[PDB]
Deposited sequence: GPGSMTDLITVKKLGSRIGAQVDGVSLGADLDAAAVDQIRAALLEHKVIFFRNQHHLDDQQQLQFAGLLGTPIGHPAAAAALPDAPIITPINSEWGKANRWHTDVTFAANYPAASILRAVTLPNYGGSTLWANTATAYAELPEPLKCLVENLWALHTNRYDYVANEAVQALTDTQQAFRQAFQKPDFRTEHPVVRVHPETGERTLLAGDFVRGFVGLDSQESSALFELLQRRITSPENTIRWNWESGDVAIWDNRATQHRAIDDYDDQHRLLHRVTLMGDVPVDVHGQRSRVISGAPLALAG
């Protein structure tokens, strides 16, 4: 049987009883998707048999295949990724942990007046190609229906606010998003695989292994354009949608 074990109150679960690969049946893939959606980042250990080809084939069962600051992946693009699948290949003798934050509970826990603020706030995300996107700060997750905060390192400013103002509000939101109660810090061991939902998380790499060799292999799944709580979609200012 497949088993899903919660690692903290708001984020993180370990999934036992699964050997990741091309051949997982439909019910197994359903359970994995359900766990990803609920726990936001999930971990499979002792996947020692896995290689790049099997990682990629497995990724295809969940979707269509496409660092030291807290971010949501590629949010300078309008249709930024849904999820990634990350496999440990070679790990340092110490350090090298990874952080994830749950941007759904971050929203849900907001005081009412801050909910009113964020539900009508928009942020310019950029990559400095010249990618510039105005995203809503509250996105309605397209599979769970959950309201989630959309911010992170690619934010250059909030639309209609001065830069001191934007900074103050950005830091306030980030501090709630990245609070210890809202995050999980994972210690990687050989054979580990993490899968996170990029539509309800941020993550952050940690520079605590003194530049020892560290390699992980990532496959990313296509996502869609955010919708705010009134049904408005993100606006492309510069660039074009990710395509494959």
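- Residues 1 to 7, 74 to 97, 160 to 184, 301 to 302 of the deposited sequence, counted from 1, carry no C-alpha coordinates in the model.
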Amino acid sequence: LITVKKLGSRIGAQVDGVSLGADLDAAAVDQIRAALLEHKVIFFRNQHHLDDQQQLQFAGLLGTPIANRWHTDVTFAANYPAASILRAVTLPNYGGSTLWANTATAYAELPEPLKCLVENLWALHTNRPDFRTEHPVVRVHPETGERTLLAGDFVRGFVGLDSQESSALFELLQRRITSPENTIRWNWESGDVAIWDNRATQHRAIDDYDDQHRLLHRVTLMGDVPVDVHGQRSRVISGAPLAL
From here on, numbers count along this sequence of modelled residues.
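- As the entry records it, the average C-alpha temperature factor is higher for 155 to 163, out of 99 to 107 and 155 to 163.
- According to the PDB record, 20 to 28 carries the higher mean C-alpha B-factor of the two stretches 20 to 28 and 5 to 13.
- When the C-alpha B-factors of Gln174, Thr148, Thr144, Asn120 are ranked from the entry, the top spot goes to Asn120.
- The entry assigns its greatest Cα B factor, within the set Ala194, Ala205, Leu37, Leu56, to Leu56.
- Per the PDB record, residue ranking by Cα B-factor puts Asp210 in the highest third of the chain.
- Sort the modelled residues of the chain by CA B factor and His49 lands in the highest third.
- In this PDB entry, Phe131 carries a Cα temperature factor that places it within the highest third of its chain's modelled residues.
- Sorting the modelled residues of the chain by their CA temperature factor places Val219 in the middle third.
- Among the modelled residues of its chain, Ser190 has a C-alpha B-factor that falls in the middle third according to the deposited record.
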